[PDB]
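S.K.: Just one file: upload.tsv, with TSV, C-alpha atoms and all ligand atoms.
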chain	number	residue	atom	x	y	z
A	1	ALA	CA	0.00	0.00	0.00
A	2	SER	CA	1.32	3.51	-0.61
A	3	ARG	CA	0.27	5.08	2.74
A	4	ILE	CA	0.62	4.18	6.43
A	5	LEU	CA	-1.96	5.06	9.10
A	6	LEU	CA	-0.85	7.49	11.80
A	7	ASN	CA	-2.11	7.63	15.39
A	8	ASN	CA	-3.90	10.92	14.47
A	9	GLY	CA	-5.99	8.98	11.98
A	10	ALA	CA	-4.44	10.51	8.88
A	11	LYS	CA	-2.61	8.51	6.18
A	12	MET	CA	1.06	9.28	5.34
A	13	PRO	CA	2.76	8.37	2.04
A	14	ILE	CA	5.53	5.91	2.76
A	15	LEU	CA	7.77	7.45	0.08
A	16	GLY	CA	8.75	11.10	0.25
A	17	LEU	CA	11.26	13.46	-1.31
A	18	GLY	CA	14.03	14.80	0.88
A	19	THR	CA	15.24	18.39	0.47
A	20	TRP	CA	18.32	18.82	2.68
A	21	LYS	CA	21.19	20.14	0.50
A	22	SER	CA	18.86	20.61	-2.49
A	23	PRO	CA	20.11	23.89	-3.96
A	24	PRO	CA	17.60	26.72	-4.03
A	25	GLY	CA	18.12	27.05	-7.75
A	26	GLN	CA	17.34	23.37	-8.37
A	27	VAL	CA	14.75	22.42	-5.76
A	28	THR	CA	11.70	24.03	-7.36
A	29	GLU	CA	12.14	21.93	-10.49
A	30	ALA	CA	12.99	18.91	-8.32
A	31	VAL	CA	9.71	19.15	-6.40
A	32	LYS	CA	7.75	19.88	-9.61
A	33	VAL	CA	9.22	16.73	-11.24
A	34	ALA	CA	8.60	14.68	-8.12
A	35	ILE	CA	4.93	15.69	-7.96
A	36	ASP	CA	4.54	15.08	-11.73
A	37	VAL	CA	5.89	11.56	-11.39
A	38	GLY	CA	3.80	10.66	-8.34
A	39	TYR	CA	5.39	11.83	-5.10
A	40	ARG	CA	2.88	13.13	-2.57
A	41	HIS	CA	5.17	13.68	0.48
A	42	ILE	CA	7.88	16.36	0.71
A	43	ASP	CA	10.22	16.46	3.73
A	44	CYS	CA	11.30	20.02	4.55
A	45	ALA	CA	12.88	22.11	7.27
A	46	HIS	CA	13.50	25.76	8.05
A	47	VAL	CA	17.17	25.01	8.68
A	48	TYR	CA	17.60	23.78	5.08
A	49	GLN	CA	17.12	27.41	3.91
A	50	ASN	CA	15.10	26.39	0.82
A	51	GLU	CA	11.48	26.27	2.00
A	52	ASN	CA	10.51	29.28	-0.14
A	53	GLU	CA	11.65	27.50	-3.31
A	54	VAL	CA	9.99	24.24	-2.28
A	55	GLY	CA	6.82	26.19	-1.78
A	56	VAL	CA	6.96	27.74	-5.24
A	57	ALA	CA	6.81	24.21	-6.68
A	58	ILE	CA	3.95	23.09	-4.45
A	59	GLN	CA	1.93	26.15	-5.29
A	60	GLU	CA	2.42	25.81	-9.03
A	61	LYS	CA	1.34	22.19	-9.03
A	62	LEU	CA	-1.76	23.06	-6.98
A	63	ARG	CA	-2.52	25.87	-9.45
A	64	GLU	CA	-2.01	23.56	-12.42
A	65	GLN	CA	-4.38	21.04	-10.74
A	66	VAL	CA	-1.78	18.31	-10.98
A	67	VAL	CA	-2.66	17.61	-7.34
A	68	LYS	CA	-5.11	18.70	-4.65
A	69	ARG	CA	-3.89	19.98	-1.27
A	70	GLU	CA	-5.59	17.04	0.45
A	71	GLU	CA	-3.49	14.61	-1.61
A	72	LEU	CA	-0.20	16.19	-0.42
A	73	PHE	CA	1.64	15.32	2.78
A	74	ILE	CA	3.98	18.18	3.62
A	75	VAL	CA	6.38	17.81	6.55
A	76	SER	CA	8.59	20.42	8.19
A	77	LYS	CA	10.59	20.75	11.43
A	78	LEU	CA	11.15	23.17	14.33
A	79	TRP	CA	14.81	24.15	14.47
A	80	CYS	CA	16.76	23.93	17.79
A	81	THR	CA	16.90	27.74	18.21
A	82	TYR	CA	13.08	27.86	18.48
A	83	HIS	CA	12.31	25.49	21.38
A	84	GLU	CA	11.11	28.44	23.52
A	85	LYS	CA	7.34	28.32	24.20
A	86	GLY	CA	7.02	31.85	22.81
A	87	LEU	CA	8.85	31.17	19.59
A	88	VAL	CA	7.27	27.90	18.36
A	89	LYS	CA	4.19	29.41	16.75
A	90	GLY	CA	6.17	32.03	14.79
A	91	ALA	CA	8.62	29.38	13.61
A	92	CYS	CA	5.75	27.24	12.33
A	93	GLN	CA	4.08	30.24	10.76
A	94	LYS	CA	7.30	31.31	8.98
A	95	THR	CA	7.56	27.79	7.53
A	96	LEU	CA	3.92	27.90	6.46
A	97	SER	CA	4.43	31.30	4.83
A	98	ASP	CA	7.50	30.12	2.96
A	99	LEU	CA	5.81	26.86	1.83
A	100	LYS	CA	2.65	28.92	0.98
A	101	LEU	CA	0.51	26.57	2.92
A	102	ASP	CA	-2.23	27.09	5.42
A	103	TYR	CA	-1.41	23.94	7.39
A	104	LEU	CA	1.36	21.35	7.68
A	105	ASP	CA	0.44	17.66	7.61
A	106	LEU	CA	3.29	16.95	10.08
A	107	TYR	CA	5.54	19.20	12.11
A	108	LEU	CA	8.47	17.65	13.93
A	109	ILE	CA	10.80	18.76	16.71
A	110	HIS	CA	13.97	18.50	14.61
A	111	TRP	CA	16.26	17.57	17.53
A	112	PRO	CA	15.70	17.05	21.24
A	113	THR	CA	18.42	19.68	21.83
A	114	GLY	CA	17.33	23.29	22.28
A	115	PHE	CA	19.76	26.07	21.44
A	116	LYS	CA	19.96	29.73	22.36
A	117	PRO	CA	17.50	31.75	20.27
A	118	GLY	CA	18.87	34.28	17.80
A	119	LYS	CA	19.91	34.64	14.16
A	120	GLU	CA	22.50	31.93	14.26
A	121	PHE	CA	21.26	28.25	13.85
A	122	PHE	CA	24.32	27.12	15.80
A	123	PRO	CA	24.95	29.89	18.36
A	124	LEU	CA	28.49	29.58	19.75
A	125	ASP	CA	30.26	30.73	22.89
A	126	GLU	CA	33.73	32.34	22.60
A	127	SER	CA	35.33	28.87	22.97
A	128	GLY	CA	33.31	27.33	20.15
A	129	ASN	CA	30.73	25.32	22.03
A	130	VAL	CA	27.00	25.54	21.10
A	131	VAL	CA	25.03	27.54	23.60
A	132	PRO	CA	21.97	25.67	24.89
A	133	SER	CA	18.40	26.74	25.76
A	134	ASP	CA	17.07	25.97	29.34
A	135	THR	CA	13.85	24.82	27.73
A	136	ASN	CA	13.08	21.17	28.09
A	137	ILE	CA	11.59	18.79	25.62
A	138	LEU	CA	8.29	18.39	27.57
A	139	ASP	CA	7.51	22.14	27.49
A	140	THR	CA	8.47	22.17	23.81
A	141	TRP	CA	6.03	19.33	23.26
A	142	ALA	CA	3.15	21.26	24.87
A	143	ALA	CA	3.94	24.12	22.51
A	144	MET	CA	3.70	21.71	19.60
A	145	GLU	CA	0.35	20.45	20.97
A	146	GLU	CA	-0.93	24.05	20.81
A	147	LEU	CA	-0.24	24.07	17.05
A	148	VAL	CA	-2.64	21.19	16.52
A	149	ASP	CA	-5.28	22.98	18.57
A	150	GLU	CA	-4.83	26.13	16.47
A	151	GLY	CA	-5.21	24.34	13.12
A	152	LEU	CA	-1.70	25.07	11.94
A	153	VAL	CA	-0.65	21.44	11.77
A	154	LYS	CA	-2.56	18.16	11.46
A	155	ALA	CA	0.05	16.00	13.23
A	156	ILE	CA	3.09	16.57	15.44
A	157	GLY	CA	6.12	14.43	15.98
A	158	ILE	CA	9.79	14.21	16.90
A	159	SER	CA	13.13	13.54	15.20
A	160	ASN	CA	16.44	12.20	16.46
A	161	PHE	CA	14.85	11.22	19.80
A	162	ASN	CA	16.35	8.18	21.54
A	163	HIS	CA	14.17	5.60	23.24
A	164	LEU	CA	14.34	7.25	26.69
A	165	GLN	CA	13.41	10.60	25.16
A	166	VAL	CA	10.46	9.10	23.32
A	167	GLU	CA	9.46	7.55	26.60
A	168	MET	CA	9.74	10.89	28.35
A	169	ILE	CA	7.16	12.37	25.96
A	170	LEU	CA	4.92	9.32	26.27
A	171	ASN	CA	5.04	9.68	30.01
A	172	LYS	CA	4.60	13.47	30.04
A	173	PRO	CA	2.14	14.55	32.71
A	174	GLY	CA	-0.97	15.85	30.99
A	175	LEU	CA	0.07	14.51	27.55
A	176	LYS	CA	-2.55	15.68	25.05
A	177	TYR	CA	-1.33	14.23	21.72
A	178	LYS	CA	1.20	11.45	21.29
A	179	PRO	CA	3.97	11.92	18.76
A	180	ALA	CA	2.84	10.48	15.43
A	181	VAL	CA	6.26	10.04	13.92
A	182	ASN	CA	9.84	9.64	15.03
A	183	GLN	CA	12.11	10.54	12.09
A	184	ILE	CA	15.53	8.96	12.52
A	185	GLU	CA	18.56	7.93	10.48
A	186	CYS	CA	18.15	4.40	9.10
A	187	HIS	CA	19.90	2.28	6.44
A	188	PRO	CA	21.74	-1.09	6.23
A	189	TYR	CA	24.79	0.31	8.15
A	190	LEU	CA	22.53	1.77	10.93
A	191	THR	CA	19.59	-0.61	11.10
A	192	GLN	CA	18.06	0.72	14.35
A	193	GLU	CA	16.24	-2.48	15.33
A	194	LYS	CA	15.80	-1.58	18.99
A	195	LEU	CA	14.51	1.97	18.59
A	196	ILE	CA	12.23	0.98	15.74
A	197	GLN	CA	10.70	-1.86	17.69
A	198	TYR	CA	10.10	0.43	20.63
A	199	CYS	CA	8.49	3.11	18.54
A	200	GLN	CA	6.30	0.71	16.59
A	201	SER	CA	5.31	-0.99	19.83
A	202	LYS	CA	3.93	2.41	20.89
A	203	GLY	CA	2.06	3.24	17.68
A	204	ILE	CA	4.64	5.83	16.54
A	205	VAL	CA	5.51	5.60	12.84
A	206	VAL	CA	9.18	5.80	12.06
A	207	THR	CA	10.57	7.67	9.09
A	208	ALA	CA	14.00	6.62	7.79
A	209	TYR	CA	16.25	9.49	6.79
A	210	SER	CA	19.55	9.38	4.84
A	211	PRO	CA	18.48	5.98	3.44
A	212	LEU	CA	21.14	6.13	0.72
A	213	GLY	CA	23.84	7.04	3.30
A	214	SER	CA	23.84	10.74	2.29
A	215	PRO	CA	26.70	10.58	-0.17
A	216	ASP	CA	26.46	14.42	-0.55
A	217	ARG	CA	26.83	15.07	3.19
A	218	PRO	CA	29.32	17.98	3.67
A	219	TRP	CA	31.71	15.96	5.90
A	220	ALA	CA	32.01	12.88	3.70
A	221	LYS	CA	35.37	11.16	3.56
A	222	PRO	CA	36.63	8.78	0.84
A	223	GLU	CA	37.32	6.03	3.42
A	224	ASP	CA	33.76	5.98	4.73
A	225	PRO	CA	31.60	3.01	3.84
A	226	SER	CA	29.41	3.55	0.74
A	227	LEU	CA	25.99	1.87	0.59
A	228	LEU	CA	25.49	2.71	-3.08
A	229	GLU	CA	28.81	1.11	-3.90
A	230	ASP	CA	28.60	-1.90	-1.51
A	231	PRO	CA	29.00	-4.95	-3.76
A	232	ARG	CA	26.77	-7.07	-1.50
A	233	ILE	CA	23.86	-4.68	-1.93
A	234	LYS	CA	24.60	-4.35	-5.65
A	235	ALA	CA	24.21	-8.10	-5.91
A	236	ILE	CA	20.77	-8.09	-4.31
A	237	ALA	CA	19.75	-5.35	-6.72
A	238	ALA	CA	21.05	-7.23	-9.74
A	239	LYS	CA	19.13	-10.33	-8.68
A	240	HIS	CA	15.94	-8.31	-8.66
A	241	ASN	CA	16.74	-6.26	-11.80
A	242	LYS	CA	16.63	-3.01	-9.85
A	243	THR	CA	19.23	-0.35	-9.02
A	244	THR	CA	21.04	-0.34	-5.69
A	245	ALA	CA	19.21	2.85	-4.71
A	246	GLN	CA	15.80	1.12	-5.37
A	247	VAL	CA	16.80	-1.74	-3.03
A	248	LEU	CA	17.90	0.85	-0.40
A	249	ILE	CA	14.50	2.54	-0.66
A	250	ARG	CA	12.40	-0.65	-0.67
A	251	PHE	CA	14.27	-2.06	2.32
A	252	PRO	CA	12.75	0.35	4.89
A	253	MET	CA	9.35	0.18	3.19
A	254	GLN	CA	9.19	-3.52	4.05
A	255	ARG	CA	10.01	-2.77	7.70
A	256	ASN	CA	6.84	-0.63	7.83
A	257	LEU	CA	8.87	2.54	7.69
A	258	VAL	CA	8.38	5.74	5.76
A	259	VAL	CA	11.44	6.73	3.70
A	260	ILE	CA	12.57	10.03	2.24
A	261	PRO	CA	15.45	9.80	-0.23
A	262	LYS	CA	16.74	13.13	-1.52
A	263	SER	CA	17.56	13.91	-5.13
A	264	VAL	CA	17.54	16.96	-7.36
A	265	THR	CA	18.25	14.85	-10.49
A	266	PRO	CA	15.06	14.24	-12.52
A	267	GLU	CA	16.16	10.77	-13.64
A	268	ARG	CA	16.89	9.73	-10.08
A	269	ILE	CA	13.67	11.34	-8.73
A	270	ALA	CA	11.78	9.02	-11.04
A	271	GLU	CA	13.97	5.95	-10.42
A	272	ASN	CA	13.55	6.34	-6.69
A	273	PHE	CA	9.74	6.30	-7.02
A	274	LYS	CA	9.75	2.99	-9.01
A	275	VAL	CA	9.87	0.81	-5.91
A	276	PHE	CA	6.27	-0.43	-5.66
A	277	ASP	CA	6.76	-3.20	-8.26
A	278	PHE	CA	9.06	-5.75	-6.56
A	279	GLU	CA	9.58	-7.49	-3.21
A	280	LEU	CA	12.64	-8.31	-1.21
A	281	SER	CA	12.54	-11.78	0.34
A	282	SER	CA	12.78	-12.30	4.04
A	283	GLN	CA	16.26	-13.59	3.39
A	284	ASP	CA	17.15	-10.44	1.51
A	285	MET	CA	15.80	-8.38	4.40
A	286	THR	CA	17.79	-10.30	7.02
A	287	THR	CA	20.91	-10.13	4.84
A	288	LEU	CA	20.58	-6.36	4.46
A	289	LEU	CA	20.00	-6.07	8.25
A	290	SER	CA	23.25	-8.01	8.80
A	291	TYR	CA	25.31	-5.12	7.35
A	292	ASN	CA	24.70	-2.96	10.42
A	293	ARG	CA	27.72	-1.23	11.83
A	294	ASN	CA	26.18	1.60	13.84
A	295	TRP	CA	27.55	4.02	11.25
A	296	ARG	CA	25.90	7.49	11.48
A	297	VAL	CA	25.76	10.20	8.77
A	298	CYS	CA	24.16	12.73	11.18
A	299	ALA	CA	25.50	12.86	14.71
A	300	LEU	CA	25.29	16.60	15.42
A	301	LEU	CA	28.97	16.53	16.33
A	302	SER	CA	29.15	20.21	17.32
A	303	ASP	CA	26.99	19.61	20.32
A	304	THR	CA	27.71	16.34	22.02
A	305	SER	CA	27.81	18.21	25.34
A	306	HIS	CA	24.10	19.02	25.39
A	307	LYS	CA	22.11	17.49	28.24
A	308	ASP	CA	19.57	16.05	25.73
A	309	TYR	CA	22.19	15.02	23.13
A	310	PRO	CA	20.51	11.82	21.83
A	311	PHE	CA	23.33	9.46	20.80
A	312	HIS	CA	25.21	8.58	24.00
A	313	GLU	CA	22.46	6.11	24.97
A	314	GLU	CA	22.68	2.77	23.14
A	315	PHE	CA	19.35	3.47	21.52
A	401	LIG	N1	15.58	14.85	10.65
A	401	LIG	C1	16.87	15.04	10.44
A	401	LIG	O1	17.71	15.23	11.31
A	401	LIG	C2	17.37	14.66	9.06
A	401	LIG	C3	18.76	14.39	8.91
A	401	LIG	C4	19.25	14.06	7.61
A	401	LIG	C5	18.34	13.96	6.54
A	401	LIG	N2	16.98	14.25	6.78
A	401	LIG	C6	16.01	14.27	5.61
A	401	LIG	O2	16.28	13.02	4.92
A	401	LIG	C7	16.55	13.32	3.51
A	401	LIG	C8	17.34	12.21	2.84
A	401	LIG	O3	18.64	12.18	3.52
A	401	LIG	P1	19.97	12.83	2.92
A	401	LIG	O4	19.70	14.05	2.13
A	401	LIG	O5	20.93	12.94	4.04
A	401	LIG	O6	20.58	11.72	1.93
A	401	LIG	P2	20.11	10.46	1.03
A	401	LIG	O7	18.73	10.69	0.59
A	401	LIG	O8	20.48	9.26	1.75
A	401	LIG	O9	21.15	10.60	-0.20
A	401	LIG	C9	21.04	11.75	-1.06
A	401	LIG	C10	22.24	11.67	-2.04
A	401	LIG	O10	22.01	10.53	-2.92
A	401	LIG	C11	22.00	10.87	-4.27
A	401	LIG	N3	21.07	10.03	-4.93
A	401	LIG	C12	19.69	10.08	-4.85
A	401	LIG	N4	19.09	9.18	-5.55
A	401	LIG	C13	20.13	8.50	-6.15
A	401	LIG	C14	20.04	7.41	-7.01
A	401	LIG	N5	18.96	6.82	-7.45
A	401	LIG	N6	21.29	6.95	-7.43
A	401	LIG	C15	22.49	7.49	-7.02
A	401	LIG	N7	22.56	8.55	-6.16
A	401	LIG	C16	21.33	9.02	-5.75
A	401	LIG	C17	21.63	12.33	-4.28
A	401	LIG	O11	22.17	12.99	-5.43
A	401	LIG	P3	21.42	14.13	-6.29
A	401	LIG	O12	20.60	14.91	-5.36
A	401	LIG	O13	22.59	14.88	-6.99
A	401	LIG	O14	20.60	13.40	-7.42
A	401	LIG	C18	22.37	12.89	-3.02
A	401	LIG	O15	23.75	13.05	-3.32
A	401	LIG	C19	17.14	14.76	3.61
A	401	LIG	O16	17.28	15.39	2.36
A	401	LIG	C20	16.21	15.40	4.62
A	401	LIG	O17	14.94	15.66	3.97
A	401	LIG	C21	16.46	14.59	8.01
A	402	LIG	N1	25.21	17.74	11.79
A	402	LIG	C1	24.03	17.11	11.84
A	402	LIG	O1	23.81	16.00	12.32
A	402	LIG	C2	22.85	17.88	11.26
A	402	LIG	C3	22.22	17.17	10.07
A	402	LIG	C4	21.16	18.05	9.42
A	402	LIG	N2	20.59	17.54	8.17
A	402	LIG	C5	19.24	17.48	8.25
A	402	LIG	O2	18.51	17.05	7.38
A	402	LIG	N3	18.79	17.81	9.52
A	402	LIG	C6	19.87	18.19	10.26
A	402	LIG	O3	19.84	18.58	11.42
A	402	LIG	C7	21.63	19.49	9.22
A	402	LIG	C8	21.00	20.32	8.31
A	402	LIG	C9	21.49	21.61	8.19
A	402	LIG	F1	20.83	22.41	7.28
A	402	LIG	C10	22.51	22.08	8.90
A	402	LIG	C11	23.15	21.25	9.82
A	402	LIG	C12	22.71	19.94	9.98
A	402	LIG	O4	23.35	19.16	10.89
Please express the file's structure as structure tokens.

M.R.:
Amino acid sequence: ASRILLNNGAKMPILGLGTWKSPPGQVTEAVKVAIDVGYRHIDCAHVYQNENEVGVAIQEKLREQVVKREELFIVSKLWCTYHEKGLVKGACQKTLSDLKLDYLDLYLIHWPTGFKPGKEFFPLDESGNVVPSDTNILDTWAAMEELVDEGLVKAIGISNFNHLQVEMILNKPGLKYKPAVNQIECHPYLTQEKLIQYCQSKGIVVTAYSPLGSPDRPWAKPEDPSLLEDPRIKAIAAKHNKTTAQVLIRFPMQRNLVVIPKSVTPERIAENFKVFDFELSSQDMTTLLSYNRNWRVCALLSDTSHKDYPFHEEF
């Protein structure tokens, strides 16, 4: 099936288009192509600095009647410098304005770490450390709950939350809405079995980010492992007459995950959508799971000192 049911009773497309690092001069055409070929979920964020250009694409395709607003599933995220109760609404509203939407289908707390508010996304002290916010995740969650009750967003969720942090929200006194989604890094080198099982056990849908191992990540190094070039994964793809990327996308789909590969290349945008026509075997799935090495693309390395830094815990 192409959509998964969320605990808010809305349906979410299991395949979306990622937009981190998509250049502003290329992302409007990328999102136009993606909607033309069938994508109905766009993953965005204010920190990516391209929401205006994403929005231009969405609005044109609504105008052209290629799609209806109800058929789209648009996702954005609250940056770390906006965890303050009094800043959350304006951050959401700026995203809405830029995307030229009147609601978001899903708004996520981007990280459990809150940072000092201000112009800088990574505010630093004179010694180079990121300056934190004294706001805690539970008060940030209540501010997200307000957004639902104001009609700005249909669902709220979290991202890069470890199992104890998810539990902290689930156990929040006075909890009004559970998180619908936990968006986390997930691919054959970081298979996340524990955190996924916990989230699914609670009714929280997991979205897999960097599913191709983010080969365009700014800090990539030639000696890092490469999913797209892994000959073991290439061999599974060849067996199935699909590309390696297509296997990497289908793999989380069969774990009941949502997945959000990024591309600004039209050919690849289309390739990446052609994953509803084949099935990996259970053996294939277990083999791909065996490649785990707890290798992370996104570990927020500039702020491992934060109280709420998520990746010291084992999961
Ligand atoms: N919540 C968070 O903290 C968080 C963190 C990281 C990512 N995310 C989200 O997850 C999305 C996906 O993760 P990501 O951007 O890190 O990386 P990714 O989707 O794993 O990999 C994107 C890279 O793969 C290339 N690529 C795409 N399709 C390909 C194909 N079929 N064959 C060969 N290469 C292909 C892209 O190139 P081209 O673009 O040149 O075609 C780009 O260089 C992000 O864009 C963002 O929306 C969220
Ligand atoms: N270093 C990290 O782990 C994160 C990753 C990350 N990419 C992403 O999609 N979400 C993120 O937060 C990102 C994006 C940025 F625009 C800037 C920094 C940045 O850092």

S.K.: Using only C-alpha atoms, find the one residue out of A:158, A:257, A:99, A:235 that sits nearest to residue A:12.

M.R.: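 Of A:158, A:257, A:99, A:235, the one nearest residue A:12, counting only C-alpha atoms, is A:257.
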
S.K.: Neighbouring residues of residue A:169 were defined as those with any atom within 8 Å, considering all atoms listed in the file; residues of the same chain fewer than 6 positions away were excluded. Please report them as a PyMOL selection string.

M.R.: chain A and resi 137-138+141+175+178-179

S.K.: Could you tell me which of A:77, A:16, A:258, A:285 comes closest to residue A:144 if we count all atoms listed in the file?

M.R.: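 With all atoms listed in the file as the atom set, the closest residue is A:77.
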
S.K.: For each of A:217, A:154, A:296, A:163, take the minimum atom-to-atom distance to residue A:76, counting all atoms listed in the file, then give the residue where this is smallest.

M.R.: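 Counting all atoms listed in the file, the residue closest to residue A:76 is A:154.
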
S.K.: Could you tell me, counting all atoms listed in the file, which protein and nucleic acid residues lie no more than 7 Å from ligand LIG 401 (chain A), written as a ChimeraX atom specification?

M.R.: /A:17-22,43-44,110-111,159-160,183-185,209-217,228,245-246,260-265,268-269,271-272,298

S.K.: Find the residues around stretch 237-241 of chain A up to 12 Å (all atoms listed in the file counted), leave out those fewer than 3 positions away in its own chain, and share them as a ChimeraX atom specification.

M.R.: /A:228-234,244-251,274-275,277-281,284,288

S.K.: Given only C-alpha atoms as the basis, pick out the residue of A:26, A:170, A:282, A:103 nearest to residue A:73.

M.R.: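 Looking only at the distances to residue A:73, the closest residue turns out to be A:103.
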
S.K.: Step by step: locate stretch 135-152 of chain A in the block above, keep N, CA and C atoms, then write the file as an mmCIF file, in the first residue's frame.

M.R.:
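Output contents, as saved in part_26.cif:
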data_model
loop_
_atom_site.group_PDB
_atom_site.id
_atom_site.type_symbol
_atom_site.label_atom_id
_atom_site.label_comp_id
_atom_site.auth_asym_id
_atom_site.auth_seq_id
_atom_site.Cartn_x
_atom_site.Cartn_y
_atom_site.Cartn_z
ATOM 1 N N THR A 135 15.165 25.366 28.008
ATOM 2 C CA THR A 135 13.845 24.823 27.734
ATOM 3 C C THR A 135 13.967 23.315 27.602
ATOM 4 N N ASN A 136 12.957 22.626 28.138
ATOM 5 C CA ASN A 136 13.082 21.172 28.087
ATOM 6 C C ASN A 136 12.106 20.573 27.076
ATOM 7 N N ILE A 137 12.373 19.329 26.727
ATOM 8 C CA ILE A 137 11.592 18.786 25.621
ATOM 9 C C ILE A 137 10.106 18.744 26.003
ATOM 10 N N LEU A 138 9.721 18.529 27.251
ATOM 11 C CA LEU A 138 8.293 18.388 27.571
ATOM 12 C C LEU A 138 7.549 19.707 27.387
ATOM 13 N N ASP A 139 8.135 20.858 27.747
ATOM 14 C CA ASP A 139 7.508 22.142 27.488
ATOM 15 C C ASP A 139 7.500 22.453 25.998
ATOM 16 N N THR A 140 8.541 22.044 25.276
ATOM 17 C CA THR A 140 8.470 22.172 23.815
ATOM 18 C C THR A 140 7.339 21.345 23.219
ATOM 19 N N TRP A 141 7.146 20.137 23.745
ATOM 20 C CA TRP A 141 6.029 19.328 23.264
ATOM 21 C C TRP A 141 4.677 19.983 23.476
ATOM 22 N N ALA A 142 4.401 20.528 24.680
ATOM 23 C CA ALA A 142 3.150 21.262 24.871
ATOM 24 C C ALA A 142 2.979 22.393 23.858
ATOM 25 N N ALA A 143 4.091 23.069 23.506
ATOM 26 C CA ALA A 143 3.936 24.118 22.506
ATOM 27 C C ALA A 143 3.590 23.542 21.133
ATOM 28 N N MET A 144 4.123 22.355 20.841
ATOM 29 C CA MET A 144 3.697 21.706 19.596
ATOM 30 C C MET A 144 2.222 21.314 19.640
ATOM 31 N N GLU A 145 1.758 20.892 20.824
ATOM 32 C CA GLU A 145 0.345 20.452 20.969
ATOM 33 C C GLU A 145 -0.561 21.638 20.666
ATOM 34 N N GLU A 146 -0.131 22.838 21.056
ATOM 35 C CA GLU A 146 -0.932 24.047 20.807
ATOM 36 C C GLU A 146 -1.160 24.245 19.315
ATOM 37 N N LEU A 147 -0.178 23.874 18.496
ATOM 38 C CA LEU A 147 -0.240 24.066 17.051
ATOM 39 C C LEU A 147 -1.337 23.234 16.430
ATOM 40 N N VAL A 148 -1.526 22.017 16.984
ATOM 41 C CA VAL A 148 -2.636 21.194 16.524
ATOM 42 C C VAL A 148 -3.965 21.888 16.849
ATOM 43 N N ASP A 149 -4.035 22.386 18.087
ATOM 44 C CA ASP A 149 -5.279 22.980 18.572
ATOM 45 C C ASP A 149 -5.557 24.315 17.925
ATOM 46 N N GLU A 150 -4.623 24.898 17.195
ATOM 47 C CA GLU A 150 -4.828 26.130 16.470
ATOM 48 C C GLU A 150 -5.058 25.890 14.987
ATOM 49 N N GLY A 151 -5.010 24.666 14.513
ATOM 50 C CA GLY A 151 -5.212 24.342 13.120
ATOM 51 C C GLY A 151 -4.025 24.544 12.211
ATOM 52 N N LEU A 152 -2.853 24.802 12.790
ATOM 53 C CA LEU A 152 -1.701 25.074 11.936
ATOM 54 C C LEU A 152 -1.076 23.804 11.395
#
